[PDB]
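A quick write-up on the structure given underneath.
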Amino acid sequence: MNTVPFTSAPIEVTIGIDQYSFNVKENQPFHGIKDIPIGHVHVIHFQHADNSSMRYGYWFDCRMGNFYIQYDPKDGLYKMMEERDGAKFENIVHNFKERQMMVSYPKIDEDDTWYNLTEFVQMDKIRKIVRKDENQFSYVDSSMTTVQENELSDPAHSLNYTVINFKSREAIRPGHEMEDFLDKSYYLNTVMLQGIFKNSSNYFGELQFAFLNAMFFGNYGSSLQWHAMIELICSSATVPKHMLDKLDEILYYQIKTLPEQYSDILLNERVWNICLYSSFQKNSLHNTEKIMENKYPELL
Amino acid sequence: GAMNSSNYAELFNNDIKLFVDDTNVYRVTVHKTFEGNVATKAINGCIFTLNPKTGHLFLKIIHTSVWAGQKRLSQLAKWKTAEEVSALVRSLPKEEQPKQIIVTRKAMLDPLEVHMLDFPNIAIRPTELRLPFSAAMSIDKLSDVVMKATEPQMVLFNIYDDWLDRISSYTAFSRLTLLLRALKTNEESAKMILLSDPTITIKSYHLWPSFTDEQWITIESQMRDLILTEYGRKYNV
């Protein structure tokens, strides 16, 4: 069980840790988050009380170093930092724990929600989509644009998601125009799975990370990426049985976790209707179709 | 984006463009089977590819053999149309290639766009105009070559005959759309108007009769009357 200490909380802020969140008042004696489950990635995220615009946060894995948060009154945000001095850090953490100024990661023993949302997500893959290689953690916010969004403008602060474009020479073999456009199996299995991702795990990882960036930061390009990756599988007549079964489970937990009130901005009507009702795999997503129909019948 | 009444003069500027109409590509007669079920028999079709500025018609004849042992023919027709248009563009020298292709039916946009991925500088555009190009098979000489074809064949026409010698493209295109709109609303009446006077013939190398400027005004007026009459009937107004 690992800890992300906070130096202080000088400004009023809603703090998210994974799917949980806590209001902290200006100058409240808050010194961080303890009992963070080892073995998963995590995101610690912020929304300032005085500016509900710019949700921002940090993807990290406690196995990769000792991480703390410190407010920068110049840049006006909570910044993640690495403490390289192991003894200074154990000493800071033990003091704050003894004085009980840390909230406990509030995991219910029965509850596999976070594992289910991050099953294929791996810090090394996040660090390739979010390039800032001097840090072991990854900053994302509401406004960051994707590499594809920028083609259609600062490359330093982009989300480098795998570009998926159904009307591209990459997606369409010369002389198999109609076949490759109506059945995307070749784009899925040869170009994307075998060629770029290498395996279903890396594909699912990027799909699950795109979803979480959409839900936690309202990142619009992350949303497009999540829908594009779902649509590529659903529009393929030929998908391994294990990928279809795992996709159903992935999507189920994402739909289950979405704030009920954000379904209108986070879910693309056309994609979901196509995927559950028109596509080749319309009959392959039983759990996803059941939770979508019972929780968001309006959208459909 | 889309081509409408507001950007109509763009058809007659000096950027090569083509209209593509796919409405006569897949043609069937519906009939009863001996067992009293219904079946279709395909007949020869055609892609109507027209440069509206020059009158050059690239009539690609679709022989019924292209459908043999294929499924979802009305879907395949849109993709076969896009394949044939792409191939015509590749066959043309660079300086004759269109800068735009305007499809008369929105369902042609994705099939043509995917077939034209090698030509990212050719804009594929829909239209809000209701163009009567479906009536092209009411022009006797175009109908004759489609129905007689025994194999796939491209036949080149000038749908304006020699009119550009005397009128602008704009006026030539208005005369063409009026003739086709008339043939579409009442083929027989329209065809009666065009041949009523046996002294005005169609040259061997033309599609329409050899009307003087004065005789075209009379014809154009008769065609407009036909369209409004038929319209009053359609709608009891």
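Following the order of the structure tokens, first chain is A, next is B, and so on, with residues numbered from 1 inside each chain and ligands from 1 in the order they appear.
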Secondary structure check, alpha helix (DSSP H) residues of region 75-118 of chain B, as a PyMOL selection string: chain B and resi 75-91+109-115
Neighbour list for region 91-104 of chain A as JSON, numbers by chain, cut-off 9 Å, only C-alpha atoms, skip fewer than 3 positions in-chain: {"A": [3, 4, 5, 6, 22, 29, 30, 31, 32, 33, 34, 35, 36, 86, 87, 88, 107]}
Residue contacts of residue 119 (chain B) (12 Å, only C-alpha atoms) excluding same-chain residues fewer than 3 positions away, as a ChimeraX atom specification: /A:168-169 /B:86-87,89-90,94,97-101,112-116,122-124
Write out, as an mmCIF file, in the first residue's frame, the residues just selected, with C-alpha atoms.
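Result written to result34.cif:
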```cif
data_model
loop_
_atom_site.group_PDB
_atom_site.id
_atom_site.type_symbol
_atom_site.label_atom_id
_atom_site.label_comp_id
_atom_site.auth_asym_id
_atom_site.auth_seq_id
_atom_site.Cartn_x
_atom_site.Cartn_y
_atom_site.Cartn_z
ATOM 1 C CA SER A 168 -7.499 6.454 -45.656
ATOM 2 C CA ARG A 169 -5.147 4.468 -47.939
ATOM 3 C CA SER B 86 -11.956 6.359 -60.692
ATOM 4 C CA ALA B 87 -10.716 4.353 -63.749
ATOM 5 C CA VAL B 89 -10.100 9.704 -64.129
ATOM 6 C CA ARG B 90 -6.902 7.557 -64.145
ATOM 7 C CA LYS B 94 -3.433 15.002 -65.773
ATOM 8 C CA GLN B 97 -8.572 15.284 -64.863
ATOM 9 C CA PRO B 98 -11.433 17.001 -63.008
ATOM 10 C CA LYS B 99 -10.803 19.257 -59.947
ATOM 11 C CA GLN B 100 -14.348 18.305 -58.735
ATOM 12 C CA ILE B 101 -16.820 15.425 -59.187
ATOM 13 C CA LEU B 112 -16.420 7.603 -54.836
ATOM 14 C CA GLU B 113 -14.331 9.175 -51.972
ATOM 15 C CA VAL B 114 -12.819 5.705 -51.092
ATOM 16 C CA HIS B 115 -12.181 4.901 -54.840
ATOM 17 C CA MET B 116 -10.555 8.377 -55.258
ATOM 18 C CA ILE B 122 -10.200 16.068 -56.411
ATOM 19 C CA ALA B 123 -13.137 17.384 -54.313
ATOM 20 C CA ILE B 124 -16.116 14.951 -54.163
#
```
Test item: residues at most 12 Å from residue 165 (chain B), only C-alpha atoms, excluding those fewer than 6 positions along its chain, as a list in words: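 The contact residues come out as residues 54, 55, 171, 172 and 213 of chain B.
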Contact residues (chain B, partner chain A, 9 Å, only C-alpha atoms) as a PyMOL selection string: chain B and resi 76+79-80+83+110-111+113-115+117-118
Atoms kept (C-alpha atoms) for selection, written as a compact mmCIF listing (two decimals), in the first residue's frame:
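Listing of selection-v1.txt after writing:
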```txt
# COMPACT_ATOMS: atom_id res chain seq x y z
CA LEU B 76 -22.65 -3.00 -55.53
CA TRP B 79 -19.26 0.83 -55.73
CA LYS B 80 -19.06 -0.34 -59.44
CA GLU B 83 -14.70 2.02 -59.59
CA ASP B 110 -18.39 7.41 -49.68
CA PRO B 111 -17.96 4.90 -52.56
CA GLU B 113 -14.33 9.17 -51.97
CA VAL B 114 -12.82 5.70 -51.09
CA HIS B 115 -12.18 4.90 -54.84
CA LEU B 117 -8.18 8.20 -52.19
CA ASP B 118 -5.22 8.40 -54.71
```
Just the residues within 8 Å of region 228-231 of chain B, please, counting only C-alpha atoms, with nothing from its chain fewer than 3 positions along; format it as a compact mmCIF listing (two decimals) with N, CA and C atoms, in the first residue's frame.
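Contents of part_35.txt, as written:
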```
# COMPACT_ATOMS: atom_id res chain seq x y z
N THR B 185 -41.00 13.77 -67.00
CA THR B 185 -42.37 14.03 -66.48
C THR B 185 -43.38 13.41 -67.45
N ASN B 186 -43.17 13.56 -68.76
CA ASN B 186 -44.04 12.94 -69.79
C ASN B 186 -43.21 12.63 -71.02
N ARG B 224 -41.71 23.75 -71.55
CA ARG B 224 -42.11 24.43 -70.29
C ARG B 224 -43.61 24.24 -70.04
N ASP B 225 -44.45 24.39 -71.07
CA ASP B 225 -45.92 24.18 -70.97
C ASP B 225 -46.19 22.74 -70.50
N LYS B 234 -50.38 16.32 -61.54
CA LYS B 234 -49.75 15.60 -60.39
C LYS B 234 -50.48 16.01 -59.10
N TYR B 235 -50.68 17.33 -58.91
CA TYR B 235 -50.99 17.97 -57.61
C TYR B 235 -52.41 18.55 -57.55
```
Extract, using only C-alpha atoms, all DNA, RNA and protein residues at most 9 Å from region 209-225 of chain A, discarding same-chain residues fewer than 5 positions from it, and format them as a PDB file with N, CA, C and O atoms, in the first residue's frame.
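This went into part22.pdb:
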```
ATOM      1  N   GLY A  16      -9.666  14.247  -7.272  1.00  0.00           N
ATOM      2  CA  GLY A  16     -10.041  12.897  -7.694  1.00  0.00           C
ATOM      3  C   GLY A  16      -8.863  11.962  -7.536  1.00  0.00           C
ATOM      4  O   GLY A  16      -7.726  12.386  -7.831  1.00  0.00           O
ATOM      5  N   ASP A  18      -8.534   8.123  -8.935  1.00  0.00           N
ATOM      6  CA  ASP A  18      -9.273   7.116  -9.739  1.00  0.00           C
ATOM      7  C   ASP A  18     -10.727   7.588  -9.769  1.00  0.00           C
ATOM      8  O   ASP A  18     -10.960   8.821 -10.079  1.00  0.00           O
ATOM      9  N   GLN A  19     -11.665   6.697  -9.421  1.00  0.00           N
ATOM     10  CA  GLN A  19     -13.113   6.974  -9.537  1.00  0.00           C
ATOM     11  C   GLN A  19     -13.617   7.670  -8.261  1.00  0.00           C
ATOM     12  O   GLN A  19     -14.768   8.005  -8.228  1.00  0.00           O
ATOM     13  N   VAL A  43      -4.760   7.638 -11.396  1.00  0.00           N
ATOM     14  CA  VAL A  43      -4.823   9.025 -11.886  1.00  0.00           C
ATOM     15  C   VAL A  43      -5.285   9.802 -10.675  1.00  0.00           C
ATOM     16  O   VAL A  43      -6.270   9.388 -10.011  1.00  0.00           O
ATOM     17  N   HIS A  45      -6.359  13.750  -9.851  1.00  0.00           N
ATOM     18  CA  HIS A  45      -6.940  14.769 -10.750  1.00  0.00           C
ATOM     19  C   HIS A  45      -7.600  15.865  -9.938  1.00  0.00           C
ATOM     20  O   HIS A  45      -8.011  15.611  -8.809  1.00  0.00           O
ATOM     21  N   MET A  54     -10.762  23.596 -17.014  1.00  0.00           N
ATOM     22  CA  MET A  54      -9.446  22.922 -16.819  1.00  0.00           C
ATOM     23  C   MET A  54      -9.570  21.908 -15.667  1.00  0.00           C
ATOM     24  O   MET A  54      -9.151  22.233 -14.530  1.00  0.00           O
ATOM     25  N   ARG A  55     -10.136  20.728 -15.947  1.00  0.00           N
ATOM     26  CA  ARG A  55      -9.806  19.502 -15.183  1.00  0.00           C
ATOM     27  C   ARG A  55      -8.435  19.045 -15.689  1.00  0.00           C
ATOM     28  O   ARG A  55      -8.169  19.179 -16.898  1.00  0.00           O
ATOM     29  N   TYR A  56      -7.547  18.655 -14.781  1.00  0.00           N
ATOM     30  CA  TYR A  56      -6.179  18.238 -15.135  1.00  0.00           C
ATOM     31  C   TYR A  56      -5.733  17.203 -14.125  1.00  0.00           C
ATOM     32  O   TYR A  56      -6.352  17.092 -13.019  1.00  0.00           O
ATOM     33  N   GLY A  57      -4.743  16.402 -14.508  1.00  0.00           N
ATOM     34  CA  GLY A  57      -4.278  15.379 -13.569  1.00  0.00           C
ATOM     35  C   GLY A  57      -3.123  14.544 -14.071  1.00  0.00           C
ATOM     36  O   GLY A  57      -2.560  14.838 -15.135  1.00  0.00           O
ATOM     37  N   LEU A 117     -11.486  -1.275 -15.193  1.00  0.00           N
ATOM     38  CA  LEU A 117     -11.343  -0.117 -16.126  1.00  0.00           C
ATOM     39  C   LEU A 117      -9.910   0.032 -16.643  1.00  0.00           C
ATOM     40  O   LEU A 117      -9.717   0.732 -17.666  1.00  0.00           O
ATOM     41  N   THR A 118      -8.929  -0.541 -15.944  1.00  0.00           N
ATOM     42  CA  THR A 118      -7.474  -0.379 -16.214  1.00  0.00           C
ATOM     43  C   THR A 118      -6.808  -1.737 -16.489  1.00  0.00           C
ATOM     44  O   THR A 118      -5.585  -1.808 -16.413  1.00  0.00           O
ATOM     45  N   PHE A 120      -5.883  -3.417 -19.061  1.00  0.00           N
ATOM     46  CA  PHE A 120      -4.831  -3.534 -20.097  1.00  0.00           C
ATOM     47  C   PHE A 120      -4.002  -2.270 -20.151  1.00  0.00           C
ATOM     48  O   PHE A 120      -3.154  -2.172 -21.046  1.00  0.00           O
ATOM     49  N   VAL A 121      -4.264  -1.343 -19.242  1.00  0.00           N
ATOM     50  CA  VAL A 121      -3.548  -0.041 -19.240  1.00  0.00           C
ATOM     51  C   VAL A 121      -2.240  -0.223 -18.470  1.00  0.00           C
ATOM     52  O   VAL A 121      -2.264  -0.687 -17.335  1.00  0.00           O
ATOM     53  N   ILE A 126       1.077   4.514 -21.678  1.00  0.00           N
ATOM     54  CA  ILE A 126       0.594   5.903 -21.406  1.00  0.00           C
ATOM     55  C   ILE A 126       1.716   6.894 -21.746  1.00  0.00           C
ATOM     56  O   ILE A 126       1.411   7.959 -22.284  1.00  0.00           O
ATOM     57  N   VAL A 140      -2.303  14.999 -18.143  1.00  0.00           N
ATOM     58  CA  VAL A 140      -3.409  15.165 -19.120  1.00  0.00           C
ATOM     59  C   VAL A 140      -4.339  16.254 -18.562  1.00  0.00           C
ATOM     60  O   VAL A 140      -4.454  16.344 -17.335  1.00  0.00           O
ATOM     61  N   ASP A 141      -4.978  17.036 -19.441  1.00  0.00           N
ATOM     62  CA  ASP A 141      -6.073  17.958 -19.053  1.00  0.00           C
ATOM     63  C   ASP A 141      -7.170  17.977 -20.119  1.00  0.00           C
ATOM     64  O   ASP A 141      -7.025  17.356 -21.175  1.00  0.00           O
ATOM     65  N   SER A 142      -8.247  18.681 -19.820  1.00  0.00           N
ATOM     66  CA  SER A 142      -9.442  18.875 -20.685  1.00  0.00           C
ATOM     67  C   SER A 142      -9.072  19.302 -22.112  1.00  0.00           C
ATOM     68  O   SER A 142      -9.728  18.831 -23.046  1.00  0.00           O
ATOM     69  N   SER A 143      -8.086  20.186 -22.281  1.00  0.00           N
ATOM     70  CA  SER A 143      -7.902  20.956 -23.531  1.00  0.00           C
ATOM     71  C   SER A 143      -6.907  20.258 -24.453  1.00  0.00           C
ATOM     72  O   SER A 143      -6.910  20.605 -25.638  1.00  0.00           O
ATOM     73  N   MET A 144      -6.112  19.303 -23.964  1.00  0.00           N
ATOM     74  CA  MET A 144      -5.049  18.684 -24.803  1.00  0.00           C
ATOM     75  C   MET A 144      -5.684  18.042 -26.034  1.00  0.00           C
ATOM     76  O   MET A 144      -6.670  17.291 -25.872  1.00  0.00           O
ATOM     77  N   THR A 145      -5.138  18.343 -27.215  1.00  0.00           N
ATOM     78  CA  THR A 145      -5.651  17.853 -28.521  1.00  0.00           C
ATOM     79  C   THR A 145      -4.849  16.624 -28.908  1.00  0.00           C
ATOM     80  O   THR A 145      -3.757  16.429 -28.344  1.00  0.00           O
ATOM     81  N   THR A 146      -5.424  15.801 -29.760  1.00  0.00           N
ATOM     82  CA  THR A 146      -4.810  14.551 -30.266  1.00  0.00           C
ATOM     83  C   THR A 146      -4.009  14.854 -31.526  1.00  0.00           C
ATOM     84  O   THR A 146      -4.281  15.911 -32.144  1.00  0.00           O
ATOM     85  N   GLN A 148      -4.288  13.389 -34.347  1.00  0.00           N
ATOM     86  CA  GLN A 148      -5.259  13.357 -35.481  1.00  0.00           C
ATOM     87  C   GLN A 148      -6.010  14.688 -35.546  1.00  0.00           C
ATOM     88  O   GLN A 148      -6.170  15.210 -36.659  1.00  0.00           O
ATOM     89  N   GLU A 149      -6.511  15.165 -34.405  1.00  0.00           N
ATOM     90  CA  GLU A 149      -7.175  16.490 -34.257  1.00  0.00           C
ATOM     91  C   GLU A 149      -6.293  17.591 -34.883  1.00  0.00           C
ATOM     92  O   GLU A 149      -6.868  18.491 -35.511  1.00  0.00           O
ATOM     93  N   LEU A 159      -1.888  14.454 -27.350  1.00  0.00           N
ATOM     94  CA  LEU A 159      -2.129  13.024 -27.035  1.00  0.00           C
ATOM     95  C   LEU A 159      -1.843  12.204 -28.303  1.00  0.00           C
ATOM     96  O   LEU A 159      -2.608  12.311 -29.314  1.00  0.00           O
ATOM     97  N   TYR A 161      -2.335   9.251 -29.539  1.00  0.00           N
ATOM     98  CA  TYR A 161      -3.183   8.070 -29.824  1.00  0.00           C
ATOM     99  C   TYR A 161      -2.889   7.552 -31.240  1.00  0.00           C
ATOM    100  O   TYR A 161      -2.556   8.352 -32.148  1.00  0.00           O
ATOM    101  N   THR A 162      -3.036   6.249 -31.441  1.00  0.00           N
ATOM    102  CA  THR A 162      -2.918   5.631 -32.784  1.00  0.00           C
ATOM    103  C   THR A 162      -4.009   6.216 -33.686  1.00  0.00           C
ATOM    104  O   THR A 162      -5.188   6.123 -33.326  1.00  0.00           O
ATOM    105  N   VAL A 163      -3.610   6.824 -34.800  1.00  0.00           N
ATOM    106  CA  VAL A 163      -4.539   7.429 -35.788  1.00  0.00           C
ATOM    107  C   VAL A 163      -5.276   6.304 -36.514  1.00  0.00           C
ATOM    108  O   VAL A 163      -4.633   5.375 -37.049  1.00  0.00           O
ATOM    109  N   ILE A 164      -6.588   6.409 -36.499  1.00  0.00           N
ATOM    110  CA  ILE A 164      -7.558   5.461 -37.096  1.00  0.00           C
ATOM    111  C   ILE A 164      -8.414   6.315 -38.023  1.00  0.00           C
ATOM    112  O   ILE A 164      -8.946   7.343 -37.561  1.00  0.00           O
ATOM    113  N   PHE A 204      -6.644  -2.812 -26.478  1.00  0.00           N
ATOM    114  CA  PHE A 204      -7.536  -2.599 -25.307  1.00  0.00           C
ATOM    115  C   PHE A 204      -6.959  -1.574 -24.333  1.00  0.00           C
ATOM    116  O   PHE A 204      -7.733  -0.758 -23.823  1.00  0.00           O
ATOM    117  N   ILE A 230     -13.658   1.227 -30.751  1.00  0.00           N
ATOM    118  CA  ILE A 230     -14.885   0.387 -30.613  1.00  0.00           C
ATOM    119  C   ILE A 230     -15.425   0.139 -32.025  1.00  0.00           C
ATOM    120  O   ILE A 230     -15.741  -1.004 -32.349  1.00  0.00           O
ATOM    121  N   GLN A 254     -17.203   0.393 -18.360  1.00  0.00           N
ATOM    122  CA  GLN A 254     -17.048   1.826 -18.722  1.00  0.00           C
ATOM    123  C   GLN A 254     -18.433   2.463 -18.637  1.00  0.00           C
ATOM    124  O   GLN A 254     -18.566   3.513 -17.940  1.00  0.00           O
ATOM    125  N   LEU A 258     -19.705   5.428 -15.991  1.00  0.00           N
ATOM    126  CA  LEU A 258     -19.965   6.806 -16.520  1.00  0.00           C
ATOM    127  C   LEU A 258     -20.941   7.546 -15.613  1.00  0.00           C
ATOM    128  O   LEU A 258     -21.998   7.008 -15.304  1.00  0.00           O
ATOM    129  N   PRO A 259     -20.681   8.808 -15.208  1.00  0.00           N
ATOM    130  CA  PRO A 259     -21.709   9.619 -14.557  1.00  0.00           C
ATOM    131  C   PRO A 259     -22.950   9.670 -15.448  1.00  0.00           C
ATOM    132  O   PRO A 259     -22.836  10.012 -16.631  1.00  0.00           O
ATOM    133  N   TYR A 262     -23.607  12.650 -17.745  1.00  0.00           N
ATOM    134  CA  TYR A 262     -22.620  12.990 -18.813  1.00  0.00           C
ATOM    135  C   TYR A 262     -22.817  12.127 -20.063  1.00  0.00           C
ATOM    136  O   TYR A 262     -22.084  12.318 -21.053  1.00  0.00           O
ATOM    137  N   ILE A 265     -22.875  14.018 -23.556  1.00  0.00           N
ATOM    138  CA  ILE A 265     -21.620  14.550 -24.175  1.00  0.00           C
ATOM    139  C   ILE A 265     -20.594  13.421 -24.418  1.00  0.00           C
ATOM    140  O   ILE A 265     -19.818  13.571 -25.380  1.00  0.00           O
ATOM    141  N   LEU A 266     -20.577  12.343 -23.615  1.00  0.00           N
ATOM    142  CA  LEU A 266     -19.507  11.294 -23.672  1.00  0.00           C
ATOM    143  C   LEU A 266     -19.877  10.141 -24.619  1.00  0.00           C
ATOM    144  O   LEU A 266     -18.989   9.305 -24.881  1.00  0.00           O
ATOM    145  N   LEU A 267     -21.135  10.011 -25.036  1.00  0.00           N
ATOM    146  CA  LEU A 267     -21.561   8.862 -25.868  1.00  0.00           C
ATOM    147  C   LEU A 267     -22.027   9.405 -27.213  1.00  0.00           C
ATOM    148  O   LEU A 267     -22.827  10.339 -27.234  1.00  0.00           O
ATOM    149  N   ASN A 268     -21.463   8.870 -28.285  1.00  0.00           N
ATOM    150  CA  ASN A 268     -21.813   9.205 -29.679  1.00  0.00           C
ATOM    151  C   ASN A 268     -22.955   8.286 -30.109  1.00  0.00           C
ATOM    152  O   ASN A 268     -22.697   7.124 -30.325  1.00  0.00           O
TER     153      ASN A 268
END
```
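Among the candidate residues B:159, B:73, B:92, B:169, the one lying nearest to residue 10 (chain B) is B:169, with distances computed using only C-alpha atoms.
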Separation of CA of residue 236 (chain A) from CA of residue 284 (chain A), in Å and rounded to one decimal: 11.8 Å
So which residues touch residue 291 (chain A) within 10 Å, counting only C-alpha atoms, skipping near sequence neighbours fewer than 5 positions away, as a short mmCIF file (atom, residue, chain, number, x, y, z; two decimals) with C-alpha atoms, in the first residue's frame?
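Writing the result to around35.cif gives the following:
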```cif
data_model
loop_
_atom_site.label_atom_id
_atom_site.label_comp_id
_atom_site.auth_asym_id
_atom_site.auth_seq_id
_atom_site.Cartn_x
_atom_site.Cartn_y
_atom_site.Cartn_z
CA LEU A 251 -17.39 -1.67 -22.38
CA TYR A 252 -19.76 -2.92 -19.64
CA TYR A 253 -17.59 -1.49 -16.79
CA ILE A 255 -20.83 2.29 -19.24
CA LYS A 256 -21.43 1.14 -15.60
CA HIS A 286 -24.67 -9.00 -24.60
CA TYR A 296 -29.41 4.94 -21.53
CA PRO A 297 -32.46 3.82 -23.62
#
```
Separation of CA of residue 95 (chain B) from CA of residue 51 (chain B), in Å and rounded to one decimal: 14.2 Å
Test item, strand (DSSP E or B) assignment across region 86-265 of chain A, answer as a ChimeraX atom specification: /A:103-104,138-141,146,159
Distance of CA of residue 21 (chain B) from CA of residue 1 (chain B), expressed in Å to one decimal place: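 Straight-line distance from CA of residue 1 (chain B) to CA of residue 21 (chain B) works out to 17.8 Å.
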